[PDB]
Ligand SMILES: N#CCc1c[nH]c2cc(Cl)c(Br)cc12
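As a starting point, one isolated chain is supplied in structure tokens, in the form solved without this ligand.
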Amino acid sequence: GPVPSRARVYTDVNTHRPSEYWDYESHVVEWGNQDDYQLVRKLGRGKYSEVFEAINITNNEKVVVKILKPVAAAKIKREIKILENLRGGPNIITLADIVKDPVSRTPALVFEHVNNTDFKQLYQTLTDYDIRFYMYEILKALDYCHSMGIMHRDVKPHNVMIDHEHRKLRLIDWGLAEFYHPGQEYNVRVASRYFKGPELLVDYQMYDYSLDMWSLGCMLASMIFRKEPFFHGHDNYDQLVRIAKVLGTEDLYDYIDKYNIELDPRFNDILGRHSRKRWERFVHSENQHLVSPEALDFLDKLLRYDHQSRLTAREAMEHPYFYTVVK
């Protein structure tokens, strides 16, 4: 069968903890007052929740209320526990309350509001300096949650709220986050298609924090090359072919050989043979101002098939790409 794997950092953080920290099913939810919140407008709806802009009538502050659908209502304790564990951490969204919605009869999570700009408009305006600055801010959130024994598992532009006017960032939507336990086999049906790491695409279940670093590399490549998304798969199978057209098939086969993974035979007729492309292939007159030797080297060290080879969040923060960012 497959060769096992472990994180190279923060490996044993959860085993030292009292079970209270990570045994989310044993957690007793403290409920707030639903009447403190007045819903203002519906912001969105997904398969797992309905999201509303609301006002906290006790302090007249704007908040966001995520009312969980019955399908997400099952693993609510995991999201609550993770949000409470990470509360106050750098660039982590603050969970302000947990109330019972009177209409849905399901839990409603109340978060602080962030004045975000949709990435489809915002990413087009970012300068080279801004991409470095905001990437460093995301890394602070990722190193914090990883150091706390938690993988986000859904890093993508829609889950990074940026108040560009105030140069403030928050990492949101912890509904897919999970506690890392060495040797644990996890569900590969996590993250969004274009941000899924090769470990998920080849059905390797013993993954870790490094999944988030692949997703972050996908965001970086889209930002510096002005190509949204960078790996534009039509489905989860074509997603791996798109990756292989850039990183090459030889390193893909070495990755699966190292972990003794057997690729789904449906890849035999679609993967082909591709060499690794040099990152300069993606540079053109319209994105050249966002590209530097440091950006390319940093990206090259995130976008690796082997999850164990990728930079950790703390190693990423040490990279020369961030030397120009004021700290």
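Start at 1 with the first residue shown and count on from there. Shifts are known only where both forms have a C-alpha. Whichever C-alpha set is largest while still superposing within 1.5 Å between the two forms counts as the rigid core.
Just so you know, the form deposited with this ligand bound exists too; it's not on screen, but the next bit is about it.
Site annotation in the deposited bound form: the residue of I131, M206, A96, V246 reaching within 4.5 Å of this ligand with a heavy atom is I131. Though this ligand is absent from this view, in the deposited bound form it lies within 4.5 Å of a heavy atom of just one residue from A191, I138, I82, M213, which is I138. Taking non-hydrogen atoms only, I162 approaches this ligand to within 4.5 angstroms in the deposited bound form. Using a 4.5 Å cutoff between non-hydrogen atoms, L122 counts as a contact of this ligand in the deposited bound form. Looking at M148, you'd find every heavy atom of it more than 4.5 angstroms from this ligand in the deposited bound form. Taking the partner from elsewhere, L142 is found to have every heavy atom lying beyond 4.5 Å of this ligand in the deposited bound form. Residue showing a CA shift of 2 Å or more between this form and the one not shown (rigid core superposed; candidates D203, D257, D118, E185): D118. Displacement of the C-alpha atoms by 2 Å or more across three or more consecutive residues between this form and the one not shown, following core superposition, is confined to the single run 117-121.
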